[PDB]
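Q: Provided hereafter are the protein sequence and its experimental coordinates.
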Amino acid sequence: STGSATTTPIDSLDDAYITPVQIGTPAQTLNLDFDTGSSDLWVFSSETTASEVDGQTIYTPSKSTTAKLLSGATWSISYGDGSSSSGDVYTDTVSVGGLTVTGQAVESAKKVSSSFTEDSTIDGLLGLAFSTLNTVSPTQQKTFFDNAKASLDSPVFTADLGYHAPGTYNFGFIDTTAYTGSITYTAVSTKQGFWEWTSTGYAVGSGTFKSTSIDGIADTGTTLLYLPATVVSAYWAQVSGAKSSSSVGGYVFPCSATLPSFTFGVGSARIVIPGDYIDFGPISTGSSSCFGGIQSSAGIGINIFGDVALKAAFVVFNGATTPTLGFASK
Ligand SMILES: CNCc1ccc(C(=O)NC)o1
């Protein structure tokens with residue numbers, strides 16, 4: 001089997017991407033944030049505290065003839081941005097882009113933190129990291145990908161995120177029309193439950209490539225690119241008037257600037273992030289200070305190849321017995 005679904009930016013900055021997901025019978029379609037940095041499929045629901053719902057589409061398990069309470073199961077998750085959610089669990093039929101899993105754990109939110117309530121565009125998350133990170137207790141549950149894997153033509157999914165444009169998530173096949181040149185594959189460690197890999201280095205604009213190992217995670221659920229402070233300082237030093245602002249919480253730059261590109265290594269290959277991808281717009285409406293898309297990972301404890309980096313590539317999440325990542329230009 002295969003599936004193919006379009007993923008669409010939630011706003012003009014590509015702050016996140018939403019993908020429609022069919023849950024239950026008859027189908028209830030929710031727009032979920034596909035997150036390769038977490039392993040829970042959770043939704044706004046008929047159980048969510050009413051004051052914490054503001055415009056989201058909700059899953060109502062009592063309206064699904066295939067929904068079954070997973071008796072005794074709870075979940076509770078805290079993300080790297082300080083957001084959180086928790087609740088109970090149903091199993092139900094979940095389809096993405098024509099690919100159907102029966103008996104998928106659908107984690108129904110009873111509580112969500114303010115950032116989720118305040119974002120009317122995201123109806124929940126679909127985790128695509130390794131199932132070892134799933135929070136359901138006392139019986140840990142599998143991701144949608146892990147449950148689909150055996151049925152797929154090839155045990156893979158791909159992320160093809162757009163810059164200010166829709167893109168695609170494919171499951172079970174590699175669309176050889178969606179990228180240029182060849183795919184370069186690189187080793188993955190699953191020891192922390194992430195798609196963790198080691199970049200071979202970086203360049204700033206037209207500068208020389210610096211060969212240096214950068215361990216990090218391919219994370220579709222993180223907006224920006226978070227890298228070691230040395231690398232980030234070297235990038236922003238090439239932008240007149242850029243500075244790290246403790247009050248704003250990262251590097252800012254004059255909105256009048258033209259940003260240089262950023263290149264990262266994948267083995268002997270190179271992925272170029274155009275400068276425009278690194279512009280996240282005014283810090284507040286009408287400000288001439290703009291927020292940078294490359295930020296320090298210092299304090300986070302891990303480097304994160306988020307959407308800024310991933311949207312410059314066609315990315316293969318290879319879930320073979322030994323997982324690997326693939327990157328192609330496009
Ligand atoms: C786990 N991937 C999605 C997500 C939630 C919060 C964050 C984050 O803070 N990244 C820096 O990422």
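A: Now that the structure is in, tell me what you want to look at. Numbers count the residues shown, from 1 in each chain.

Q: Tell me the residues on the protein that lie near the ligand, please.
A: Within the chain, the residues that sit near the ligand (CB under 6 Å from any ligand atom) are 35, 37-38, 79-81, 83, 219, 221-222, 226, 304. Placement of C-beta: from N, CA and C, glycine included.

Q: Output these as a markdown table; include the columns secondary structure and neighbour count.
A: Listed next are the residues of the chain next to the ligand as a markdown table, based on DSSP: H, G, I helix; E, B strand; the rest coil; neighbours: other CB atoms under 10 Å:
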| residue | secondary structure | neighbour count |
| --- | --- | --- |
| 35 | strand | 21 |
| 37 | coil | 24 |
| 38 | coil | 25 |
| 79 | coil | 17 |
| 80 | coil | 15 |
| 81 | coil | 11 |
| 83 | coil | 15 |
| 219 | coil | 27 |
| 221 | coil | 23 |
| 222 | coil | 24 |
| 226 | strand | 26 |
| 304 | strand | 24 |
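
Q: would CSV of those residues with distance to residue 169 be doable?
A: As requested, these are arranged in CSV below (distance: CB to CB, whole Å):
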residue, distance to residue 169
35, 11
37, 15
38, 15
79, 20
80, 22
81, 22
83, 22
219, 14
221, 13
222, 16
226, 22
304, 19
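
Q: In the stretch 151-300 of the chain, which residue sits nearest the ligand?
A: residue 221 (2.7 Å; CB to the nearest ligand atom).

Q: distance of that residue from residue 195?
A: Look at residue 221 and residue 195: by CB to CB, to the nearest Å, they are 11 Å apart.

Q: quick one: common contacting residues for the two?
A: Counting by CB atoms under 8 Å, 6 or more residues apart in numbering, the residues touching both residue 221 and residue 195 are residue 36.

Q: all strands of the stretch 101-250 of the chain, in order?
A: Along the stretch 101-250 of the chain, counting by DSSP state E, counting those that start in this stretch, strands occupy 124-127, 156-160, 167-171, 184-187, 196-204, 210-218, 225-227, 243-245, 250-254.

Q: Run me through the strand neighbours of the last one, direction for each.
A: When you say that, I think you mean strand 250-254. Strand 250-254 pairs in its sheet with strand 243-245 (antiparallel), strand 289-292 (antiparallel), by DSSP bridges.

Q: Now do the buried residues in the longest one.
A: Neighbour-count burial for strand 289-292, with 16 or more other CB atoms under 10 Å as criterion, is recorded at 289-292.

Q: and if you look at stretch 62-75?
A: For stretch 62-75, by 16+ other CB under 10 Å, it's 64, 66-67, 70, 73, 75.

Q: export stretch 260-269 as CSV, just CAs?
A: C-alpha atoms of stretch 260-269 as CSV (Å, rounded to 0.1, in the frame of the first residue of the first chain):
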residue,chain,number,x,y,z
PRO,A,260,22.9,34.9,2.8
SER,A,261,22.2,31.3,2.1
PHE,A,262,23.2,28.5,4.5
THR,A,263,24.5,25.2,3.3
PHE,A,264,24.6,22.0,5.4
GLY,A,265,26.4,18.8,4.5
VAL,A,266,24.9,15.3,4.1
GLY,A,267,27.9,13.0,3.6
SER,A,268,29.7,14.5,0.6
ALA,A,269,26.5,16.2,-0.6
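
Q: I'd like the distance from that stretch to the chain centre, please.
A: Distance, stretch centre to chain centre, for stretch 260-269: 20 Å (CA atoms, centre = their mean, to the nearest Å).

Q: what's the answer for stretch 304-324, then?
A: Counting by CA atoms, centre = their mean, stretch 304-324 is centred 10 Å from the centre of its parent chain.
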